[PDB]
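Notes to accompany the following structure.
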Amino acid sequence: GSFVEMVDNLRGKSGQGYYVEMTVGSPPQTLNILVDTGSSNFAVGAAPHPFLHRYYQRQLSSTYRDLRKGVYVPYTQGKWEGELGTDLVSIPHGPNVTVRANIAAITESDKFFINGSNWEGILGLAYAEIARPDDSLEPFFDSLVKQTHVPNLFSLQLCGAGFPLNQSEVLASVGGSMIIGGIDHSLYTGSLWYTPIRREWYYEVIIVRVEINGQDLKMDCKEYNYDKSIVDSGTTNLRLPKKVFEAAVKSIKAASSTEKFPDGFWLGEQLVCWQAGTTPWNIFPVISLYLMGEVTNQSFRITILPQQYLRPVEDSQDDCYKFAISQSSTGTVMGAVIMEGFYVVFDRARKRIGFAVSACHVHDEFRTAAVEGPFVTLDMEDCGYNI
Ligand SMILES: CNc1nc(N2C[C@H]3C(=O)N(C)C(=N)N[C@@]3(c3ccc(C#N)s3)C2)nc(C)c1F
């Protein structure tokens, strides 16, 4: 329905992450926390770091409980290490509940904290299977549902501004909404379409067709989900498996061939700039991903514009962007590129993910993002990868 207390509770941007205010401990210690649907731990800075102006002080919380266990989390781009404990946690612009949750108190880290991101921890919203050290460490959302009457669902509206936000503007701007326990109808237009959650670890889905300006990429659909396809608010880009990225970039270059861009642009390294207001959106194609539907032999599609996959960056008065589609060796990742176009419903109770056109997506007067269906699609289970 309507969850006015939670609408507009996020801040941030796709390159640095979207975060929500949380409190930990007694008396409450306020921290800004990255919303990550690609991990399952609640972890906060708990020791001084050059990029943190605040951190969780366990000795100041009367409700802190030490679990006497360490946790080491190396990942591809960085790492964090900490000490496990539990404490009382609340979300000020959230459900009006306080829960006892696991917290990893980060004591050491490498390339985890981002200079100027304004966040001090991470809220992993995925399932216990991928929690560290193991699946016995109950994730935050599981605790919240177990201890309260909050429904087992959350929804995210990540709002890209469509232009660069400076240090002061990004602190003052609304970055979106995280609706805990419900769906807010003001955040989307048109209908919500649902895709099954294939398996409960990451938010895994199955892509059954890909089009660039309506032209079928025509790959075996297993390639689109090799080795998985996930929905991840903690990734900036739309990331595609190597072979799919090579085919997609060839098609996007062919569609936009009236302008030549350097190799560095297509590699997501180099910015491209145009005179203020003259970005040639129309030369870039729309991209459609068809997802397995809830009904047998039915699919639906989500369509994004270049206003989603060209990420605004500061250079001058030019309008500059980086290409936000990149290669992956770990499957498709529908990152903040995809998510900024849509309101996304993580319906854990019904094992499904819903998509609807976001009320805050960036577009122009000629094209809009879309969520449409149904389409007849056969042998969709064959699109999922095994082993
Ligand atoms: C691999 N298993 C685990 N992986 C992770 N992460 C993988 C990181 C990543 O690479 N992406 C993309 C992501 N979605 N989440 C992470 C972020 C770190 C900083 C971010 C920012 N800004 S996002 C955390 N955490 C735990 C606790 C695991 F167990």
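Numbering (the entry's author numbering), first residue to last: 58 to 372, 376 to 447.
Just so you know, even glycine gets a beta-carbon here, dropped at the ideal spot from N, CA and C.
Taken from the Cβ of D93, at least one heavy atom of ligand 1 lies inside 7 Å.
For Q116, no beta strand (DSSP E) run applies, since DSSP gives it neither H nor E. Going by DSSP, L348 is part of the beta strand (DSSP E) stretching over 344 to 349. Pairing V146 with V130 gives a Cβ-Cβ distance that is not under 8 Å.
Remark: the shortest separation between the CB of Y132 and any heavy atom of ligand 1 falls under 7 Å. Relative to the Cα of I340, the nearest Cα in the group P363, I179, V329, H110 belongs to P363. Beta-bridge analysis with DSSP links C380 to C330, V370. With a threshold of 7 Å, the Cβ atom of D289 counts as near ligand 1, since some heavy atom of the ligand is closer than that. The three-state reading of DSSP puts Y283 in coil, since its state is none of H, G, I, E or B. If you draw a straight line from the Cα of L67 to the Cα of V301, it is about 32 Å long. In this structure, the alpha-carbon of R122 lies about 42 Å from that of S386. Assignment of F435 by DSSP, reduced to helix, strand and coil, places it in the strand class. In the assembly as shown, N282 is a buried residue. Its beta-carbon has 16 or more other beta-carbons within 10 Å. Counting only runs that start and end inside the region 63 to 99, the beta strand (DSSP E) elements of at least 3 residues fall at 67 to 70, 74 to 81, 86 to 93.
When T293, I90, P196 are compared, the shortest CA-CA separation from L141 is found for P196.
Here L438 is exposed: its Cβ has fewer than 16 other Cβ atoms, across all protein chains shown, within 10 Å. Per DSSP, reduced to three states, the secondary structure at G321 is helical. For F406, the shortest C-beta to heavy atom distance toward ligand 1 is 7 Å or greater.
Between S418 and the set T292, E268, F402, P253, the nearest pair of CA atoms involves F402. In this structure, ligand 1 has no non-hydrogen atom nearer than 7 Å to the beta-carbon of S388. As DSSP reads the structure, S314 sits in no beta bridge. Taken through DSSP and simplified to helix, strand or coil, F406 comes out as strand. Between ligand 1 and the CB of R266, the shortest heavy atom gap is not smaller than 7 Å.
Between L213 and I264, the gap from beta carbon to beta carbon reaches 8 Å or more. Contact check between the region 95 to 110 and the region 159 to 171: three or more CB pairs, one atom from each, fall below 8 Å, which counts as touching. The closest heavy atom of ligand 1 lies 7 Å or more from the beta carbon of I90. Boundaries for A416: no alpha helix (DSSP H) harbours it, while the beta strand (DSSP E) harbouring it runs 412 to 418, taken from the DSSP string.
Going by beta carbons, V77 and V92 fall inside the 8 Å limit. In this structure, the beta-carbon distance from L88 to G178 falls below 8 Å. No Cβ-Cβ contact shorter than 8 Å links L346 with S308.
The region 377 to 393 makes contact with the region 329 to 340; the number of CB pairs closer than 8 Å reaches 3 or more.
Contact check for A416 against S248 passes: the beta carbons are separated by less than 8 Å.
The beta carbons of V343 and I359 sit no closer together than 8 Å. Less than 8 Å separates the beta-carbon of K411 from that of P253.
Excluding five sequence positions before and after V154, the CB atoms of its chain that fall closer than 6 Å to its own CB belong to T205, given in chain order.
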